[PDB]
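A short worksheet on the structure shown next.
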Amino acid sequence: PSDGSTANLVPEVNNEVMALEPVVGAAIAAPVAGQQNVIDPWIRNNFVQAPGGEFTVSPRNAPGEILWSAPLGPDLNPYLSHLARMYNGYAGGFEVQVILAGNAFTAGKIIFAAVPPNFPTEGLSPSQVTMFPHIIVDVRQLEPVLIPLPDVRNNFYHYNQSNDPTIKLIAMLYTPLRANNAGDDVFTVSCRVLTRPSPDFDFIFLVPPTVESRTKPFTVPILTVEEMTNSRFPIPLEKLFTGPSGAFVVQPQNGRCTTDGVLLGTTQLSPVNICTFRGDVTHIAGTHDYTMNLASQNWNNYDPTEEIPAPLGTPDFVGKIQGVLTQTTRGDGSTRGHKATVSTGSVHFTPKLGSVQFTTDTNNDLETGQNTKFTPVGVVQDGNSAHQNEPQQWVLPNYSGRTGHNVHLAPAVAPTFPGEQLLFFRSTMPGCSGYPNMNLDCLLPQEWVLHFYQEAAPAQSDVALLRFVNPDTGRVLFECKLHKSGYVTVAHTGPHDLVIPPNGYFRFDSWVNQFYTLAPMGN
Amino acid sequence: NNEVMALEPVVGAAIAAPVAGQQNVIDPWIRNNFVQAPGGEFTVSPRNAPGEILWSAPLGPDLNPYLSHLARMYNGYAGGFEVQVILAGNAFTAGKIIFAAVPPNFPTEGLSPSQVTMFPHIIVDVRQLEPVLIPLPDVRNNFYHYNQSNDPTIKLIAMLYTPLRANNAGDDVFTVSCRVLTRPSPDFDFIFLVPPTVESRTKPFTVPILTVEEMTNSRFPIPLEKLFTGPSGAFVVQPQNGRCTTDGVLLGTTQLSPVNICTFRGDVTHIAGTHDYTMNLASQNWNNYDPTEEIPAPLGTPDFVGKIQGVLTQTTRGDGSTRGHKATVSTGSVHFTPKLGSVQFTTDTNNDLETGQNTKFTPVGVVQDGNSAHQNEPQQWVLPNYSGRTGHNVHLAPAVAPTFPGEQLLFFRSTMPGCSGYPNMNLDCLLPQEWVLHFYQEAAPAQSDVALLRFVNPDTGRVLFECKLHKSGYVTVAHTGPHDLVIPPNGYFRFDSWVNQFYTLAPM
Amino acid sequence: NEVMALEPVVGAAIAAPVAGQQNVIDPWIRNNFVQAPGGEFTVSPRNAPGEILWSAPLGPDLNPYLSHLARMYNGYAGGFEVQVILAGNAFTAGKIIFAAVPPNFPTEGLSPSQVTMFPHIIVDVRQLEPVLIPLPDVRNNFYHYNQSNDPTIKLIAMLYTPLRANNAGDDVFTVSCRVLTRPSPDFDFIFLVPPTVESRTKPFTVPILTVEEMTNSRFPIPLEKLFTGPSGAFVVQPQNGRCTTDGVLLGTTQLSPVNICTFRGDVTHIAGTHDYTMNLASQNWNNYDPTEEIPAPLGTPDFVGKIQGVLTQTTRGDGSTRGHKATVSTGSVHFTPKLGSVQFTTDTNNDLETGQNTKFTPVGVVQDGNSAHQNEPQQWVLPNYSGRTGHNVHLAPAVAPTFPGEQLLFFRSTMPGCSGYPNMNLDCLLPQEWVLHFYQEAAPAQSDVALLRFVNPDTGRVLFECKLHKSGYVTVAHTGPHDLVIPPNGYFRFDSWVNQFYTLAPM
Ligand SMILES: [Cl-]
Ligand SMILES: [Cl-]
Ligand SMILES: [Cl-]
């Protein structure tokens, strides 16, 4: 029967069984629930891959790392996830199926454990995980592992919009992955998690769909790289770039947004106001300089007491940005427009305090009482110093000048996993004079910021696995990790501009954690 | 008036079986033997009047040290207790005590005797010899309780219903001592086995074994010297360092390092024509300082008005050059604005402090201008203006005062070094820095508003005094008048039980 | 074949006529295997026959549930069932022997032939099904007391045949092993007792404090970074911040984090110079006794260098106060703190009266700028506490790694500099808060080495593990000098007592 297939090289089924008692589902809730609802029986009889149903055991992983985890709830099953947007509550357990059909030349063990509600998961060692109901499975296991997940609880049922905890199922690497195939290959174990609701699972109260926050599902825009725009300067994207970031510090304040839609740093939604200034202008006698007293981005008064590092859309690099000052008089409609340049490294660039300084091409022709808008165009470089050294995109300006220090900054960003580098969305800024460093990398396209902001989908885990697909051929070009903090990572070493089909798009495939091992992508 | 409490039967953990993960077992000896709660003692005296609540406790594992230790390895519980109360009377006394079951989420604060009778209750005579057995059922609205959720439970209340009438015996005054014993009912059980001592709300509260001499003041980097109690009506006791709650929440400007207590770190700038320098501050960890923080000032900012003399230290990264200069900070100066990010030092040089370099003020002592009144300049109980004149002090830790008649604050006192002049070198803090460290790391939940501490001589075993450690960061004792305490050099504080703020402690 | 040649051994049933009471353990604990805290070991092709890969004595510390329960019981009796898991595959060869070693027999030095002479099992590296070993409570009394630390049977795991396997790429194939335990049916606890009174049951812990939140134990300054390096050239023998795991202070170590380099006493002028002699009095202001079995008064500096600070004095009757910049040279022949005298260099030869108590507050270290830069403060050279008139006495032992690939782990802070170009590096073996913690919570050491894991709480990831030795020092798996790159909120977590052969994963 096995002759020539698997060939007894591999464990067949697991004899271990989790030491959990049976637990009632939604039947107990019937006298106090509003309604008794029904789930399509096909959904109850057929395993389907869970959202966040992929994980990997690779040689980069170390014992103790939680490779997969989830709380009991409708998010364990994509059909139930869509259904849950239509209900107020739930109760009952699941059947989960884990596929671990690793290559016969691999070794290693995984522990699956059920941790009860209100026990902290944060910091558990393998020694400790053994003290919960648990199962230890070999990474070569051929038949899927069946884990029943009961709805241990102290109430009749759960509300979708509450924060009462449920049982968590945990998969942790118990033994490191070892392999003895003779070749110079790496036999990572690709694993899949499938689920179906137990017969005792049921939804509780029918309610208007898509309204409740905690049930909105996460999505990623279908737009192409070329069709999107940089989030750090009002210009389109051009290529995808990965490189090492050990030398410099990646800490932009524009294009900073979390997966569930919280804006960070100086990030705002309009792709046009990303390096604009609006306010009243004042001449400095004897020079071509003007001092601009800042209004808000919508022409309201500017409040320096906001918990923001600077007004929204303030440039997040040191350099000299050339554009045009434009002004209109409210009485006659006279209009004036003059070449102008702002230096963000200048000591008089203090947007947190409310003032910015431009150097213009006039000593007059700019009224004091009129509203003035700086429209940016490009960057410039002082030609007498070293080539390509003036616009330092990864050097933050001092938003309060020499006074004080930068506050309320969005965190810095760095790869966390062995072999991984940041993935940058690269645009080329227009040069206006000299030999400026025109490379501009942002962590998220502005259209993604817009999307995440409007669709406030809660993150099911800390990383969303994305695969980049060529729709003409159907092929995957690379896979990457989109972190909740709003940045992308890929598995590559060295600088590289990605060679991308013009139609390529990002496709969300599974929720994963920071220990997911990405397929090699480079070249 | 009866011996039976008007309570229905109440299911324990049996109801939870369909929804609990597992079934557990408690050692049968624990179920068959009454055990005294650590604070399961109270006294009936002729001073007591109707309405006074002599003792109270909520149902839970903390009434029984065996169950309390067991709970550190379990996730939940459900079910009630049997309470045994022992009355040390004799036939020649008279008076009544009421015991009452108050249901979850009802306020105990303020009941009249008439009203307490309206709960399920028992009326017990002071002459009762046989122990009184009270069932304490786990009235609730869920299947069971989780340790980490702190659900409210039924309370037992003991109140004086009729005053005690008895002859005295000489000048010794007769009192009825009462003790409360407990054991789990058969319907009590634990629910889910979990790795022991992880779940935060099951850690027991303790107080460091250290001796006063071995501890450190929390307001200046110097050892402690003596314990001092005094009346505090005149001034306002409101320090911002060494302020920490029993369950480990830091307050005010309090931080953990005992050496960074009166230090400053930052970049320094010369003031033209003077020997003064202005320091733009960092945090104690050399990070940017954020004035928007919900703190009165950077952590470790001095919390008194005075002139602190120390040494400014600086190191150049390029060559490793180092410079050190005598310096002095006035915390009452208008240029002492650490909340805004700036402090002013008066140094012994006009040339030798470089810009852009990291600079550290190491404090040493306090100084006094000798031409003014002796012992007048360092006012320990006057807060600096952390933003000098641009506003008022913000996010302050609460002020501290005794509320119980006959009680005064207990201070941990040291002597600040004097560098010049005739300064007032007394420094009192509310908590030793080692206690702050202990409370912070061991985040033990407070079971009530007061932790009863006893001070013990370990050689003889004798208790010298008891004091009340309030959940907030301060200690009180029973004494009147200022007094330096007479302490054995090896004496230490020992935690005995949580009590309620009505506890009246024995004088010295 | 898979059966250990042991007779049955009665557990607590035999103790019933002499035990005070009959107790019950939660049956879930009896029916579920739980990993022993140090129940991991690895089989690598570098291993040779005879190497003891793992060992443990029978007792409650093998099981965290039973370990917690023992804190409320007076004694125990009975055996365990051990489950050992082997992560092999069909393409491996090699044998492991497990052996039962009786209570008072030494394991130290056994050859493979001899280990075969105990009751034993020979397990092939390819075995998939877990190995079940009964571990009986062989003894000569009715039961064991927690407070009497009776010796028990030991399980031994030894490499019997070398591992034969291919590697994949540059990753070398290894068989990881895990040891699981659960109480036999004849195991039981004996006498209920107050739950945390008995000393020998207190478990060992390590403060949750952050490196930044802790303090150096050799000078009154905060810590800054973690540093590991090779130490073969020099002698690592500090006398401050030296404390054993079960809370015995060593050398000149004391508890106050501020008195770590202070001096107190009455002062005397040396005529014609800016030097003063301090007649030292104990840190608690008492009379000083040189007979104390200590190298010097507690808190005396443990390095050779010039420490600059401030002398402070107070006149008792008038209340006057004086303060003067001052400097102590620990290598000067007049630095004799063991005898009771130390010499300061001040900035005045006037204004320091006699009979008054005087306190030196340390601030930093100083360097003679005309000499070689970074040459004056030698942290790893001890001063001569008795000057020329004798040698140092009652020192804490010197410290070195014993395992190939291991180096000391130092808690590093940077001393303030006052003048010159001094070596501002200061390394201590234990943070002062760790000294405080061990001293109060006097948990007995279950072996010579406490395995610690260093955790980044943001990601949950373990960054490295290290060995905290009972003698009070830490070692890590690294080669070469290296400042550790640590998240600012990382903390040390205690994992398990392990045996002296435990091999830790490299950085
Ligand atoms: Cl709708
Ligand atoms: Cl403890
Ligand atoms: Cl609390």
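Letters for chains follow the order of the structure tokens (A, B, ...), residue numbers begin at 1 for each chain, and ligand numbers begin at 1 in the order shown.
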Can you list, as a VMD selection string, every protein, DNA or RNA residue that comes within 12 Å of segment 264-266 of chain B when you count only C-alpha atoms, leaving out same-chain residues fewer than 5 positions away? (chain A and resid 404 to 405) or (chain B and resid 259 277 to 289 297 to 302 308 310 to 315 327 to 329 336 338 341 to 345 354 to 363) or (chain C and resid 416)
Within 8 Å of ligand 2, counting only C-alpha atoms and all ligand atoms, which protein or nucleic acid residues do you find, written as a PyMOL selection string? (chain B and resi 197+203-204) or (chain C and resi 196+202-203)
Hey, which residues come within 10 Å of ligand 1 if we count only C-alpha atoms and all ligand atoms? Could you give them as number ranges by chain? A: 85-86, 207-211
Generate a file of the selected residues that holds N, CA, C and O atoms, formatted as a PDB file, in the first residue's frame.
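Produced file result27.pdb, reproduced below:
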```
ATOM      1  N   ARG A  85     -19.679  38.919   9.928  1.00  0.00           N
ATOM      2  CA  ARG A  85     -20.004  40.315   9.686  1.00  0.00           C
ATOM      3  C   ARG A  85     -21.501  40.568   9.747  1.00  0.00           C
ATOM      4  O   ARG A  85     -21.922  41.726   9.744  1.00  0.00           O
ATOM      5  N   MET A  86     -22.300  39.514   9.854  1.00  0.00           N
ATOM      6  CA  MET A  86     -23.749  39.595   9.846  1.00  0.00           C
ATOM      7  C   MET A  86     -24.365  39.237  11.195  1.00  0.00           C
ATOM      8  O   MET A  86     -25.590  39.302  11.342  1.00  0.00           O
ATOM      9  N   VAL A 207     -27.566  40.878  12.690  1.00  0.00           N
ATOM     10  CA  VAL A 207     -27.346  42.325  12.777  1.00  0.00           C
ATOM     11  C   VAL A 207     -26.865  42.851  11.430  1.00  0.00           C
ATOM     12  O   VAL A 207     -26.386  42.085  10.583  1.00  0.00           O
ATOM     13  N   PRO A 208     -26.990  44.163  11.203  1.00  0.00           N
ATOM     14  CA  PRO A 208     -26.611  44.748   9.898  1.00  0.00           C
ATOM     15  C   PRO A 208     -25.155  44.492   9.552  1.00  0.00           C
ATOM     16  O   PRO A 208     -24.250  44.825  10.333  1.00  0.00           O
ATOM     17  N   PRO A 209     -24.888  43.950   8.366  1.00  0.00           N
ATOM     18  CA  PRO A 209     -23.519  43.569   8.012  1.00  0.00           C
ATOM     19  C   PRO A 209     -22.610  44.767   7.800  1.00  0.00           C
ATOM     20  O   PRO A 209     -23.053  45.892   7.559  1.00  0.00           O
ATOM     21  N   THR A 210     -21.310  44.498   7.946  1.00  0.00           N
ATOM     22  CA  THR A 210     -20.179  45.389   7.681  1.00  0.00           C
ATOM     23  C   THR A 210     -20.110  46.570   8.643  1.00  0.00           C
ATOM     24  O   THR A 210     -19.172  47.371   8.549  1.00  0.00           O
ATOM     25  N   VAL A 211     -21.061  46.705   9.566  1.00  0.00           N
ATOM     26  CA  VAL A 211     -21.063  47.839  10.482  1.00  0.00           C
ATOM     27  C   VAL A 211     -20.046  47.636  11.598  1.00  0.00           C
ATOM     28  O   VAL A 211     -19.262  48.538  11.915  1.00  0.00           O
TER      29      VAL A 211
END
```
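For the pair atom CA of residue 501 of chain C and atom CA of residue 126 of chain C, the separation is 23.7 Å.
Backbone DSSP over segment 40-214 of chain B gives helix (DSSP H, G or I) for residues 61, 62, 63, 65, 66, 67, 68, 69, 70, 71, 113, 114, 115, 116, 147, 148, 149, 200, 201 and 202 of chain B.
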Writer output for current selection, N, CA, C and O atoms, as a tab-separated table (two decimals), in the first residue's frame:
```tsv
chain	number	residue	atom	x	y	z
B	61	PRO	N	-10.05	32.91	47.41
B	61	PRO	CA	-8.98	32.04	47.91
B	61	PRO	C	-8.07	32.71	48.93
B	61	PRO	O	-7.40	32.00	49.69
B	62	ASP	N	-8.03	34.04	48.99
B	62	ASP	CA	-7.11	34.69	49.91
B	62	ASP	C	-7.51	34.55	51.37
B	62	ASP	O	-6.73	34.95	52.24
B	63	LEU	N	-8.69	34.00	51.66
B	63	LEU	CA	-9.08	33.76	53.04
B	63	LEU	C	-8.38	32.54	53.64
B	63	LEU	O	-8.47	32.32	54.85
B	65	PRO	N	-4.69	30.28	53.35
B	65	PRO	CA	-3.35	30.26	52.74
B	65	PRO	C	-3.10	29.03	51.89
B	65	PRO	O	-2.32	29.11	50.93
B	66	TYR	N	-3.71	27.89	52.22
B	66	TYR	CA	-3.59	26.72	51.36
B	66	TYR	C	-4.22	26.98	50.00
B	66	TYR	O	-3.60	26.77	48.95
B	67	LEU	N	-5.48	27.45	49.99
B	67	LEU	CA	-6.14	27.76	48.72
B	67	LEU	C	-5.42	28.88	47.99
B	67	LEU	O	-5.37	28.89	46.76
B	68	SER	N	-4.86	29.84	48.74
B	68	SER	CA	-4.14	30.95	48.11
B	68	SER	C	-2.92	30.45	47.36
B	68	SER	O	-2.63	30.91	46.25
B	69	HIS	N	-2.18	29.52	47.97
B	69	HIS	CA	-1.01	28.95	47.32
B	69	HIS	C	-1.42	28.08	46.13
B	69	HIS	O	-0.75	28.08	45.09
B	70	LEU	N	-2.51	27.33	46.28
B	70	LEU	CA	-3.01	26.51	45.19
B	70	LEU	C	-3.42	27.36	43.99
B	70	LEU	O	-3.19	26.98	42.84
B	71	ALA	N	-4.02	28.52	44.25
B	71	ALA	CA	-4.54	29.35	43.17
B	71	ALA	C	-3.44	29.84	42.23
B	71	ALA	O	-3.71	30.14	41.07
B	113	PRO	N	-27.13	50.16	61.74
B	113	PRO	CA	-27.47	48.82	62.24
B	113	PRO	C	-28.81	48.31	61.75
B	113	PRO	O	-28.92	47.13	61.38
B	114	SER	N	-29.84	49.16	61.75
B	114	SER	CA	-31.13	48.80	61.16
B	114	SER	C	-30.95	48.20	59.77
B	114	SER	O	-31.49	47.13	59.46
B	115	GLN	N	-30.16	48.87	58.93
B	115	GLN	CA	-30.02	48.45	57.54
B	115	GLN	C	-29.27	47.12	57.42
B	115	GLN	O	-29.61	46.30	56.57
B	116	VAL	N	-28.25	46.91	58.25
B	116	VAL	CA	-27.48	45.67	58.15
B	116	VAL	C	-28.36	44.47	58.45
B	116	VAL	O	-28.18	43.39	57.86
B	147	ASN	N	-9.09	34.05	37.94
B	147	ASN	CA	-8.18	34.73	38.86
B	147	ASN	C	-7.84	36.13	38.36
B	147	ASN	O	-7.84	37.09	39.13
B	148	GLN	N	-7.59	36.27	37.06
B	148	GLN	CA	-7.08	37.51	36.50
B	148	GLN	C	-8.14	38.57	36.28
B	148	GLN	O	-7.80	39.67	35.83
B	149	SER	N	-9.41	38.31	36.59
B	149	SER	CA	-10.44	39.29	36.30
B	149	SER	C	-10.96	40.02	37.53
B	149	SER	O	-11.61	41.06	37.38
B	200	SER	N	-0.51	37.12	37.22
B	200	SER	CA	-0.07	38.22	38.08
B	200	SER	C	-0.94	38.36	39.32
B	200	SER	O	-0.43	38.62	40.42
B	201	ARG	N	-2.27	38.22	39.18
B	201	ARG	CA	-3.11	38.54	40.35
B	201	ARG	C	-3.04	37.51	41.46
B	201	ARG	O	-3.81	37.65	42.43
B	202	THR	N	-2.18	36.50	41.40
B	202	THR	CA	-2.07	35.51	42.47
B	202	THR	C	-0.77	35.62	43.24
B	202	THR	O	-0.55	34.85	44.19
```
Determine, counting only C-alpha atoms, which protein, DNA and RNA residues have an atom within 9 Å of an atom of residue 144 of chain C; residues of the same chain fewer than 4 positions away are not included. Present the result as a PyMOL selection string. chain C and resi 74-77+139+148-150
